[PDB]
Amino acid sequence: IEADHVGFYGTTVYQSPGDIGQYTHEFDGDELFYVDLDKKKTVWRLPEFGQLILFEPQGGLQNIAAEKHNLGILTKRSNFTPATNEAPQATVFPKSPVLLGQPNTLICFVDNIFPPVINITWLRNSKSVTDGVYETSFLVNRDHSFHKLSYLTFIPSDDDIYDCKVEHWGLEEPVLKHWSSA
C-alpha cells in the first residue's frame, strides 16, 4: 500500500489483566507523542512540537475507554482465545559513529513484540545499568505486533562490553544482544 506520508492517529492498545492501555500518534513511522493515562497528559517525543501544537489527552482517553470495552466484548466472542506470545528480535547499534571518549547513544531495537508487555534492560560488563536509559512507546507493526527502542547514553571505550537484555513471556530464556567497541 503506497503513499507519500502516513499518519497514525487514535492508535490505541488495551489489554488484560492489569488494565494495561497505551495511546499514541505517529507520522511516517516516528512517534509524535503518547498519552500518559495515569496522569492524563500528552507527552510529545519532540518537545518543540508540544510547544507548537496541542492534543487534548481526553480524545485519547476515550479510545482507551472504547478499546477497554471492545476487549471484553471480543474476548468472549472469540471464546476466550488468549493472545499467543511471540519472540522478540533485538538489535544493538550506536546512534552516531563511535568515537572513544566522546558521548554517544547506544540503541536497542526490538521487534516482533506481542503482547505489548516487555522488559528491555541494559548491562555494562554484566552489570545492570539503570540511569541514562530511555524507551520509546510500543510502536505498531503491520503484523499488528509491536517494536520498541531502548536508548543508553554512554562513553565509547574498548574495554567495555555491552548487552541488551530482553525479557518477554514468549521466551524461556532472555535475549542478550552483545555489543562492544571492537
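Basically, rigid core = biggest C-alpha set you can superpose within 1.5 Å across the two forms. Each residue number is its position in the shown sequence, starting from 1.
Please pick 42 to 50 or 113 to 121, whichever has its Cα atoms farther from the shown form in 5 other deposited structures of this protein after a rigid core fit. Output: 42 to 50, the stretch lying farther off on average in 5 other deposited structures of this protein.
Of 43 to 51 and 63 to 71, the one with larger mean CA B-factor: Looking at the recorded C-alpha B-factors, 43 to 51 comes out higher on average.
What third of its chain's C-alpha B-factors does residue 171 belong to: lowest, middle or highest? It falls in the middle third of the chain.
Going by what the PDB entry lists, where does residue 56 fall on CA B-factor within its chain: lowest, middle or highest third? CA B-factor rank for residue 56: highest third.
In terms of the CA temperature factor given in the entry, to which third of its chain does residue 31 belong: lowest, middle or highest? According to the entry, residue 31 has a C-alpha B-factor in the chain's lowest third.
If you rank the chain by CA B-factor, which third does residue 23 end up in: lowest, middle or highest? Lowest third.
Compared with the other modelled residues in the chain, in which third is the CA B-factor of residue 14? Answer is lowest: the recorded C-alpha B-factor places it there.
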